[PDB]
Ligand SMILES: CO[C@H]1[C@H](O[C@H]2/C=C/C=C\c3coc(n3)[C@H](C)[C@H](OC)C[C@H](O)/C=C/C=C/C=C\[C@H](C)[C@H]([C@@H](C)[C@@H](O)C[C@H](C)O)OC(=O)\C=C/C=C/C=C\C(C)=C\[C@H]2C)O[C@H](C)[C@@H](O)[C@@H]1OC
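Given as structure tokens, the chain that follows is alone and in the form solved without the named molecule.
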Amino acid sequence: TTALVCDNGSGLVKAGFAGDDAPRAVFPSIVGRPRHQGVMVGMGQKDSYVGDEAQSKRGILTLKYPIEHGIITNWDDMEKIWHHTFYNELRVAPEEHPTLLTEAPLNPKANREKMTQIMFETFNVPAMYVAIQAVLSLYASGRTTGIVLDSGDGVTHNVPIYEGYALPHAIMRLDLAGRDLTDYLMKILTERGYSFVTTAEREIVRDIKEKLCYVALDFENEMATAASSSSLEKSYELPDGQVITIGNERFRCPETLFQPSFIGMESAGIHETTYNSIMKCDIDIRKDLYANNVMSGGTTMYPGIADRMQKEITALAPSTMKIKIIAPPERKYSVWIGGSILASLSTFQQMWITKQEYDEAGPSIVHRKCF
């Protein structure tokens, strides 16, 4: 009847119907299992919890993310998450509507192939399609030219597009993302005597990072100000009532996005990666790419990230270039919105891989490019 749009990013599922302005179902991509003792199957004791229900009882659970660095590693947990999305969150039969899924570029083929297998075997989905997230972000933005930097929980990637034409050879991928920043914050908080070792404490640290961290315009100046003043400190209340205080850490955790060497990686920063991706393109393309820099994803939601982005790109690029960072207030859902647009186009209706095609052709048809 109506197409389903589902952005299953690392640690977050956003699912809804095509034509809507926002998905109904937004929940963490986690599976929690009891910790301290075996499950009493005789009583009404559950052996697993999914999403917000797992978050509510995380104090006695071990939490796992089935998607890691954009690649699904535990397929049973992925099946359970999909089942809960379809029958518990969206109140819809999967066998009633076609599905549009999202994936990061430069992923292993088997990941997509097995995903299709599930979507056609466990669930009797009529038709399905998998799209790249950055293309959907540019679709949501409303332009046909631009270079998209999409950063989530597991994967950061840069994709340029000119006049609606893809540039596959300039796509760049980096494994630094929000989960690495959360781990780095857990490491750094031990300097003030705060210990977080478990997965629930990891969720607490992720909340702290989302609520207090920000990007500094100049790292050295901000470090000097934090060392010579107390105006940078902020307080946070723990679930048990204890209060912690945080200082320069607020701008040291996201600084890893521009200096990956903080966590021991040889790669360059996001600004350098964007500049290098632009310098791949033909000399007649670079100016429009400079004028159109598009951000999407949760990891781009740090305050001040756009200003630092534009400053760094202006430093790298010649002085005669227009440089614009486009950071909409609704970056987090941008990809989903793009899907909701793409599934609503009548010109997209040829993209649907029907069950005749999957059965006759096999898994390889998931790598087709109809266009």
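One-based numbering along the sequence shown.
Omitted from view is the form solved in complex with the named molecule, to which the following refers.
**Contact at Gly19, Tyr139 and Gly142 by the named molecule in the deposited complex, all three, heavy atom at most 4.5 Å** = Yes, all three are in contact.
**Message:** Check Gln356 for me: does it contact the named molecule in the deposited complex (non-hydrogen atoms, 4.5 angstroms)?
**Reply:** Flag for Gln356 set to no.
**Message:** So in the deposited complex, is the named molecule close enough to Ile341 to count as touching (4.5 Å, heavy atoms)?
**Reply:** Answer yes; at least one heavy atom of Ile341 falls within 4.5 Å of the named molecule in the deposited complex.
**Prompt:** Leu345 near the named molecule in the deposited complex, any heavy atom under 4.5 Å?
**Reply:** Yes - in the deposited complex, heavy atoms of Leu345 and the named molecule come within 4.5 Å of each other.
**Message:** Taking the named molecule as it sits in the deposited complex, is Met309 in contact with it (heavy atom to heavy atom, 4.5 Å or less)?
**Reply:** Contact with the named molecule, no.
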